Structures are given as C-alpha cells and as structure tokens.
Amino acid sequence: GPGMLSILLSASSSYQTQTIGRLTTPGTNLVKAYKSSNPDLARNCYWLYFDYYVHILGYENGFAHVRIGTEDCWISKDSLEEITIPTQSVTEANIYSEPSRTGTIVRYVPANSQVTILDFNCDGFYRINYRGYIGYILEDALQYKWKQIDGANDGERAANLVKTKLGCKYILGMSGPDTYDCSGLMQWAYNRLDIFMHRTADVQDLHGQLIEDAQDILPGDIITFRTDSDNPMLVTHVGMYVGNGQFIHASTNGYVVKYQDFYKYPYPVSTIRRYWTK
C-alpha cells in the first residue's frame, strides 16, 4: 500500500520478459510446432490451433518461441499476432522491475490509472505499460482478469469453461471457438487457464496427476475412455468431470458438446487425470 509485499512471493525471479500471442493460423486452423528454431521440418512435435492464447518468449529464424504454462515450442511467426490489453488499476501500486518481493520500483501507479497489459500470469503479476513505464504490477491491482476469480481451484474454472461450449457442434480435428472434437475441447479449456495438455486423447491419457480412485474425482479432472471395439486397448475418447456425477464431452452421438452421466456411460475408463494444481 504500495510498499506491502507478501512473504508468499519469492524474493527472486527468473521470469523472462514475454508478450501475449493469439494464434491466427492464416487460411486454416492449425500450425506445425517444433522444439527448435531450426527444426527437422519433417518432425514437428505437434500442432497449435486457431484462437489459442500463448506467451511469446521471442523470435528467431522466422519462428515465434511460444509458451503455454510449462510447455514451450516454436511456430511460424506468421501464425500468430501480438496482443496488448487496455485496462485500469483499482488500487495504488508500484510497477516493479520483476515479479518478486525484491524488485526495484519502476513507477508508482495511482489508483484509477489507464494501463496496457503486455503479459499475464507472471507469478502473481501482470506486466504493463503505464505512461511508457514498463514492469510488473500485482494481479489484484488491475481490473482486468485473465481467468475467473470464482472457483476454489483451476479445476472448477476448467469445468466452467467447457460449460460455455455446451451446444457447440462436433467436428473432428477442431478446437474452437465454435466447433470441437472430444480432445480439442479439453486442450482448449486448459489453454484458457494457461495450462498445456497435448491434443489427442491417447496422449492426454499419459500425463497429469493420476487419480486412481474415481471416488476422488473433482471438477476439471479429465476422464479418458476406450470406445473402439475394433481397437479395444486404444484410448479413443475423453471428457471432463464437472461434478454431480456428470462429465461434459464433444460426442458424435448428437454431434454436440453435451453433458453425460458418468456411471451410465457404457465405455471403460482408461485413466482419470488432474492437470490443475491450484
């Protein structure tokens, strides 16, 4: 106020200067992703998709180095656009040199100031520009919220996110904003929480915290299923638990994003995976 800093913040930060990107994938819905700026172009690690949000770490050799949560990769720089977000502050704060409790003061910001968000989810801070002064301001000092404040954890936030897509049409290979397949809905929802998961159900099945007992399932957990009787050992489907014994999924049965009764669903579970941590 403005000097008070919580002991819960680290006294040190390795957070690198980043900007915000939105994928535009011109002319299509996807872009190949690589693990270097000089890749074996035949061996892309995966793809990223239209209207996904990323952090931009930099550019090299015609590629953008992008980040979603703990995952980073390289995509053609023409597949995304840089984003800045105008907002205002609601409480006096300092712009600090870094997102920690030992940064130097770049600029005092009075309450009600017009600012521009340049990066988000910076370990409890936004990176902003105020009157040309650039640095890190505590998240709660700004009006804009990059994710929901409501919810006890990111799992509940993920459940709300898939609920916002109820009624969207099923289309194989899509991940929003208007059409989805089962695994694209999962990846999209966690993209909006700055959490990376892979694109296909059979890989989503292999990461995240394993919830061994279904009694311990919570909103935002994903459930993978084996639904192909001609390949009965292969994971082919996925949905998100949203509480009260229901999960939401994009299904060809109805060709729509819809609720489904978990225990009445007539296909075997593979794993229950928790990709949220807070």
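All residue numbers are counted from 1 along the displayed sequence.
request  = Name the higher of the two by mean Cα B-factor in the PDB entry, 261-269 versus 12-20.
outcome  = Of 12-20 and 261-269, the stretch with the higher C-alpha B-factor average is 261-269.
ask   = According to the deposited model, is the average Cα temperature factor higher in 75-83 or in 149-157?
value = The deposited B-factors put 149-157 ahead on the C-alpha mean.
request  = Name the residue from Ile195, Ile128, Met186, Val90 with the greatest C-alpha temperature factor listed in the entry.
outcome  = Of the options given, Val90 has the highest CA B-factor in the PDB entry.
request  = In terms of CA temperature factor as recorded, identify the highest of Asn29, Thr224, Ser229, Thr70.
outcome  = Highest C-alpha B-factor among the listed residues goes to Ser229.
key: Ranked against its chain, the third holding the CA B-factor of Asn112   = For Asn112, whose C-alpha B-factor we compare with every modelled residue in the chain, the answer is the highest third.
task = Tell me, lowest, middle or highest third: where does the Cα B factor of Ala201 rank within its chain?
result = Lowest third - that is where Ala201 ends up once the chain's C-alpha B-factors are sorted.
query = According to the PDB entry, is the CA B factor of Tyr133 in the bottom, middle or top third of its chain, that is, lowest, middle or highest?
reply = It falls in the middle third of the chain.
query = Of the three thirds of its chain by CA temperature factor, lowest, middle or highest, which one includes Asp123?
reply = It belongs to the middle third of the chain when residues are ordered by C-alpha B-factor.
message = Going by the CA temperature factor in the PDB record, which third of the chain does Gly58 belong to: lowest, middle or highest?
response = Middle third of the chain for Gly58's C-alpha B-factor.
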